[PDB]
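Remarks on the structure that follows.
Chain nomenclature is as follows: A, B, C, D, E and F, assigned in order of appearance, with residue numbering initiated at 1 for each chain independently.
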Amino acid sequence: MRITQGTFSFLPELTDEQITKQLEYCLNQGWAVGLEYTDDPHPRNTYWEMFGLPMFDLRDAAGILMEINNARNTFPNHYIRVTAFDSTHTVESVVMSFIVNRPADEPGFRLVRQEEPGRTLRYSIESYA
Amino acid sequence: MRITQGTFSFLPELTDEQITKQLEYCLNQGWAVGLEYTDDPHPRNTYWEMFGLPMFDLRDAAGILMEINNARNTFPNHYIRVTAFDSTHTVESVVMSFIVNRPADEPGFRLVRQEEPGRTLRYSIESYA
Amino acid sequence: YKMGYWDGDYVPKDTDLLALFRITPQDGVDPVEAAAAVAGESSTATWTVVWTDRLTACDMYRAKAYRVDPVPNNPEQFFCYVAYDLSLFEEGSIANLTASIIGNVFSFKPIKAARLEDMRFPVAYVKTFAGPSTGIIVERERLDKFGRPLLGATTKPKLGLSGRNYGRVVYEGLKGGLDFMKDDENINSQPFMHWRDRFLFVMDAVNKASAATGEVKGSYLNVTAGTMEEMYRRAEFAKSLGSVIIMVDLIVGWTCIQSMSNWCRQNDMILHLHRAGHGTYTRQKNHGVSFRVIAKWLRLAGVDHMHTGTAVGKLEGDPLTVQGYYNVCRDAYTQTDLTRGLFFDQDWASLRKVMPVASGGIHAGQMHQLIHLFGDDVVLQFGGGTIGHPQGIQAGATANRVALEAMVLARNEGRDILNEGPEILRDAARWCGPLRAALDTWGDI
Amino acid sequence: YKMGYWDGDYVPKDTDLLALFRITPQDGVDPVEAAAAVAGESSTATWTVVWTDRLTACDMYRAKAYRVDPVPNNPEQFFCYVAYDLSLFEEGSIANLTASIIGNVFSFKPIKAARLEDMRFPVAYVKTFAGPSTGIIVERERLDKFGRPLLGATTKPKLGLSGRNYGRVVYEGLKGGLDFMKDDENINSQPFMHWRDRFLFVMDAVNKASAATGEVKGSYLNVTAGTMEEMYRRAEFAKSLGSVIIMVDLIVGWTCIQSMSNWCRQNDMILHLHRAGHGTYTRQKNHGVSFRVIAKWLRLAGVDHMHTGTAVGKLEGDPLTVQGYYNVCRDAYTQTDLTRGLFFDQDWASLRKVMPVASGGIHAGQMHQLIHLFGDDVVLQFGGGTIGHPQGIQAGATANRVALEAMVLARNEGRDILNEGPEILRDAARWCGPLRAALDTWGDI
Amino acid sequence: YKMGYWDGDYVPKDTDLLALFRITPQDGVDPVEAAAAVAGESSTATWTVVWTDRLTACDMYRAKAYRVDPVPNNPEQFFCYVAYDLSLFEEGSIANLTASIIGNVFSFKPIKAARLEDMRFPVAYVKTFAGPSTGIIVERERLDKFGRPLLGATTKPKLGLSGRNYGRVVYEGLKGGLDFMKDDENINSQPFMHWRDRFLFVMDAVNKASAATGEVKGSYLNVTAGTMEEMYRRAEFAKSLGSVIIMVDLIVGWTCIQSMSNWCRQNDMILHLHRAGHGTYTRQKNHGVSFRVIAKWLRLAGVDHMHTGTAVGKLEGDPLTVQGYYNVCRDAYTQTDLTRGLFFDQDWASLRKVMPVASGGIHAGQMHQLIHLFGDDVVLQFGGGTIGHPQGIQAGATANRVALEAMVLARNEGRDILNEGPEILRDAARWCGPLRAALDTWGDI
Amino acid sequence: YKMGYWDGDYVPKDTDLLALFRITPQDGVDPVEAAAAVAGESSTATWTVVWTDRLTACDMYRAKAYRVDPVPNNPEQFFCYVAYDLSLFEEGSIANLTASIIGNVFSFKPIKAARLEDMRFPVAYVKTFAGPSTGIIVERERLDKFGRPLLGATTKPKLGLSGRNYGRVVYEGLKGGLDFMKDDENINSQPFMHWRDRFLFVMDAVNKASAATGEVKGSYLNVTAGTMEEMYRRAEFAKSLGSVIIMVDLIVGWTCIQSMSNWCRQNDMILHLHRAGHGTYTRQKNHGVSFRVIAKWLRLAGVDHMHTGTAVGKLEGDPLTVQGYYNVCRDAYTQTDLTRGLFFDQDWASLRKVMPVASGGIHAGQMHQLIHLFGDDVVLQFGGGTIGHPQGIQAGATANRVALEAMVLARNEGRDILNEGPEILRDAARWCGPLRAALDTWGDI
């Protein structure tokens, strides 16, 4: 039970020191960094809620890290993530999770099985919230 | 209200003495025995959670029985079952339930009835948990 | 005839079809010539000589009769073995198979009676058929039911009930422990209850049952109809409603069954075959075709469930002979067994196994016998014993279910199923009210 | 059983199905109870009592056994008449018909042997079937062949020839006077000659023959296959090539035949039925189903040609009994005739008549007998007698044709076909070289 | 030949196809004439002169051979560059491309050996192909997996398991961190486990895995079959079950792949290509076709995943050369690089990028090497290393996953992936039991 | 590897697949282990041990390597025989066949080079393929051309002509005696002449030719395209115009060919296969796949014409080896012949025979050699020799035709085709102006 919906999510929670290092990596590559959050971590629930506009030309990883902690405070019981956009084709290059909801209520989302004709099933993965 | 998802499930709960007898039967036939558990006893929820690897060449039914009780302790509020695999075509030969969730909350799973065109219904059987 | 249709020392090739007849020639006719005549009345032969076949040459394209043995305890009757070359049969066509083999040998007067006892299919030939559309192993995995025969009953009310009430009969039975419910013996879609309505209600019942027991349930929705168009029409509706199984009547024909089998595979359906009408030729041991052969054909055709026999438990047939039938259905490689009527070794080239269905006047009381004679892979079809149970169908179901459950547990422990059977059943009945009542009504026999 | 399945003084309604069995009960079993058991083992019955049928009420939805008579010259065997209510059968479905009637009566042990001798179909029921897809009258009008039996042979070479050579055999036969040519007994499409190629060549032959004789010609292109999809595929190709007739093997099944019949009607095709394999149940007069019944069913199904029998001319069956079969095919209203095995009066409610096909060891020499026994509406299928003719197939054809032509003319003049037959044939043979040679080879028998 | 197939100072047009061969002429044959012969044995040429081409004029419709250079460290072998005019090729047809270029040059005796090393496709030509049906960028967005190579394993049990057990193998792997699971190397639908059943179970596993991890999961359902009809039939079923990815075997053919690619685009599917069998011609560096070319064609065809190579990590090929292959797959504009075997600059005119797949004897231990050699856009296909993990498949998965996760984090921090690799892995293994065990078993090599 | 993939005294079963490789292991690698590694790199194997296969058990589902013999006159190279169980292959699927057998053995580094020399297909397996869609016998019967090799040329103009002029080239050739005309080597439908227009004109030519010669004529309309949809689209148009033959390029893929073969059978078309591109792997006798194997596969696939080789007449291959290829195409039962490279006895279970096509630098002068080496069943494809004839194509056609006609007559008379060849040709040329000119230009070589 743990949402593995992100790079580094198979490792222990990143420390602000590690996060800053990553933030630097992105900024060094010239990537716009954004913060997002949601209570519904559905596999492929693209379009999480934006926590402020992407820190485009913010030449200070520390500045971003600030907003991160700020977000964790405003939304403790929420999943929060950093996303890096490449301003050349506009695509995501890195995405890792920071704050995760209280012991991820039930990462074993309820798997709905609608019985279709034959032995086929029409599934519906849904968070318990 | 009682999940009849297993051989012998129409009889009273097996005693460790009875279980050992069955375990012997399997081992005598040279079948790999495995233990599984889940909280979602959906009719045809294949792929229950494995409680340790299958006791392949464990020439002692007692050893398996041990792991069983061990499992019941770790997962009391769960359904647990013994499965026997025939290492010749790899198929299940026997499967009986041991520990059942607290008075099976509601074996009368909620039957969902999606109203399809005509008088046809698209059902969805779902446990209350 | 005879001139070139008999070869005493002909060694059958591994790529040959072998048919073993029970020829009963007329008083004054040579059995050998008869055997040769058999070979002639089902191939490139005729009563007189023809010049057009000069080009043909035939030879290989001729059925060569070889073995001709006397019948034990019955003269005037003889076992004739004929060999047919592989190239004489159309691939994956039972209709052509039957056609070529049978020919007009059964109507040839010089033979008073003739019966087809067994056949051998070369692996090369067996491989031209897809075999069962599901098979035992796969079926069990769709059902999550392992190490125990399956339970089934029949919606007895038949013509005189409406869909609502009919579906109820199904719900009660399945919930009570039955794994399957069968549409009454002869109800396809008569002027009273339309098949669609019945399907809707039955499927509602099956679903309602699944949600009350927590296991996969089903009902052999009879799809048998007058034309392939109707049959497919009903198969498709059955499929749409989500039925795991379907039912077809043998009378429909070899070609229809093959089409239905193909359909089921491509639609993930279990094909239950109801052998209604077979008795017309599978009854008299002197003329006709032995059911074991019919069983082989049906397996090649692709049937998933096949009524094989009760064997001693009820008026049907001899235990061993019935086991021969059961073997034809479940063997990976059928070994010759003259006691069980198996005359040839049949390699099934990995074709999926067929689920036998034991039907007839049976009840919980015989459990121990059945379990011993058939084992786990068999569908125990209880009729009157379940439906006619004093405390309703659901009760009858629970009775048979428990009787089965216990008998298996006991059997697994090693207990002598046979001798201890009655006791084991009594022990179960002791705490199982419905079983008690079941035994009190339909006890020993 | 018996409790409510037998009514001694029950008068059958004009809207009832009547089945007449030849029950041979076990030594020590009451024939009456047996009759009642028959009624029970093919409907809303069982060995024990069931409560669910309380709602059902059944009564009308029960087969009521009435007549039970002793069999002449053979005790221990009895004629049992059962009545089934019209509402018990699905409309236009032979598969359901057979299912309901036969049930499991033939496998019920208390009966040593059982045979279905005849049946009665109420006009109300007969009307649910379309009947033959063409019929005698219509067929003759498509053929421009009136007042004479039709001529047919078989492409004897079989497996051992190529399409080119096979088609030739057809061309020779048809041109020589044959009205039809039949694909060899068991060649569907084996690994040597593909059905398509054969169809192309055969149709080329048929056409070539038509242009050389100036009359409509045809060849029963066998369309029999393993699945309905192949069968329709071959039917469609046959149709595309312009064939007036098609052929199907009985073994295919009642449901396949019904579909093929429907197809033929909607595609203007004549459906020739080859009764291969029937002997398995239509041979022994004590168990099985009498061909006359099979013939009735086939007519309801919609077959256009039906192999009925040679009758005395060759080893097949009894003349009168064969005439019973012929009657089932050509009667507008079949009248009861115990000598010809006809137990019930059958009104065919205007269903088109079926063309009988006389097949077996026959030849020109028997002409006079055949013409006398069958008349004009019959297809005389000559095999070896035509193909094996000393001067080739075309010669054999001309022989049989002339033998027929003359025999008809003579018969029309009033001459005693029977007695004068040999002379009439000699008179014809005198100027007909091929006939002369035909008689010299296959003379009297 | 030669007379008009060689032009020493011919300047290739931007609208020309360029093929670079490695001609090894026979001892005594002029390399120049050989080059010219190449141009002739794949176009409007012949060994002798023809008058009909007078009308043709050809000229532009001729392959003009230009460059002919000596091969470094190996005489008797020469690099021949040929130019083909754009109008000689059919639009969007790899089959025609291959046909025209290869011609019969590889079977022309005067050449002992010949190998196609590289090609150049004009933007005008590249634009006639749709390219990949998904591409890296789009794929990642469907997966929500960014900035890290993808994880994949193989359902190793293969023939000897049932659908239930097979699907389990898939569930364990995916849940343990694998992003993808592959159908075993050669199982399409053999006589034991039917593809449908397997698809049902596998998809059940994939779904079950997604709900336990909270991320998009998938399994390369092998859709490879004998005919396009089966292939599409399996593709459609895969689609119906909701699979995000499909798998096809190279052996199927260029034309089949193009059809499948088109299908995937219009059905939103990722097309995984398994390069089984390529070695027959992509192994010997003196005869055949270099995989980089095969890779270019495959990209034009529209494949989404392509097995490119392990590169040093295992017995497959040279690191740089493998990077050449990887470049062909991921470059927006491939720049000439003689060290990586890239002889021409290839503008991919905005065609979506293909995901390389690193397969072979690899394991967590090599992580640092792989990450360094390939980077983020690659699917790390671990076989035995994952499945054969001491604590089961799920454990092996977690091992590789962690090994990957950590290695990326570290690499991002700037740490020398190469040198520090072992340490980084040890640091991770320290808290990751499964990784520890993974390294203990499959350590350094 | 090796642990269970090698069995020195394993006797292959008649229901086993046999693959004979020419393994060239690395200097320092045991040939035995190599053979075992081959068996492992194409089945249920891996480099390390896996626990999941414990359930699998495999054994039978493993390729067992048995024979390992030294190669005559060449050490470091060894013949390895591997046996694969029948149940490992999908029915009627060459794609799966190739996949399973080849696996990744050709890319396994421990082997420097590896080549597939021959294979054995059990009758049981051969029977799962339909084989050729027409075959020699049937083809000749559609053509009315017997006892003589067939004549064919190529529309040489290629890209540089319009449909009108192109069709003319076809008319001239066919009228002059050619039995067939081939679309130029690489013209599918390039930006200049649309395939439809070409088909219209070519078919006009073919028809015009038929009416001028009085015999069946045809042109291998190339139907090769980028996707199956186009291919079928062109096949259908070709069919609609009434073409007796079609042409497909090998490069299309095994699966496309199988679909096309199936199509042709069901549409009565002859499928001509152009082996373009095979040289990439069928050239080097040390790595790749021998054409004889490719030929076996193609026969199983259902091809009707197959380019086999000129054999000595031109630069292609060794006479005997070429005869091996020819045997694979025309044998009813291929007998082992080490001189012709035939390592296994192959029973073709009645699959129709394939027509070989001799192509290359040939001309009338070699007639006697060809007739002697190949016989009647072969299509003599003359290119430049016909088109480049001094007096036009029609003349070239007549030349080759006469050269053929005479050579056959002479050969039939018994005359030594070889030695007397030149004379016989001179005798014919004497009265045949065009032949005279043909010999003067392309004489002895």
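Here are some notes:
Throughout what follows, a contact is a pair of C-beta atoms (placed from the backbone, for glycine too) under 8 Å apart; a residue touches a chain by one contact, two chains touch by 3 or more.
Think of each touching pair as a link: the shortest run of links from chain A to chain E has 1 of them. Discounting chain A, connectivity by touch keeps the other chains in one piece.
Repeated interface, listed pairs A-C, B-C or B-F, reference A-E: B-C, with more than half of the contact pairs matching by residue number.
Compared with chain C, the chain whose C-alpha mean position is the greatest distance off is A. Chain copies chain C and chain F are related through a rotation whose angle, from the C-alpha fit, is 180° to the nearest 5. Once the centre of each chain is set as its mean CA position, chain A and chain F turn out to be 59 Å apart.
Rounded to a whole number, the gap between the C-alpha centres of chain C and chain D is 28 angstrom. Between chain B and chain C the centroid-to-centroid distance comes to 32 Å (mean Cα coordinates, whole Å). Note: centroid distance chain B to chain E, computed from Cα atoms, is 44 Å. Of all residues in chain D, those touching 2 or more other chains are 191-192, listed in ascending order. Shared interface positions of chain B, i.e. residues touching 2 or more other chains, are given as 42, 44, 46, 85, 89-92, 123, 125. Taken chain by chain, the contacts fit none of the simple shapes, being neither an open path, a ring, a star, nor a full set of pairwise contacts.
Checking each pair of chains for touch leaves A-B, A-C, A-E, B-C, B-E, B-F, C-D, C-E, C-F, D-F, E-F.
Remark: chain A residues 110-116 touch chain B in the complex. Of all residues in chain E, those touching chain C in their complex are 162-164, 191-192, 194, 196-197, 200. The touching residues of chain F, counted against chain B in their complex, run 54-57. Against chain A, in their complex, chain C makes its touches with residues 142, 207, 239-242, 244, 267-269.
The residues of chain F lying in touch with chain E in their complex are 42-44, 46-53, 55-58, 61, 87-96, 98-100, 102-110, 113, 156-161, 165, 169, 184-186, 188-192, 224-229, 231, 249, 251-259, 262, 276-284, 287-289, 315-316, 361, 383-385, 387-388, 392-393, 442.
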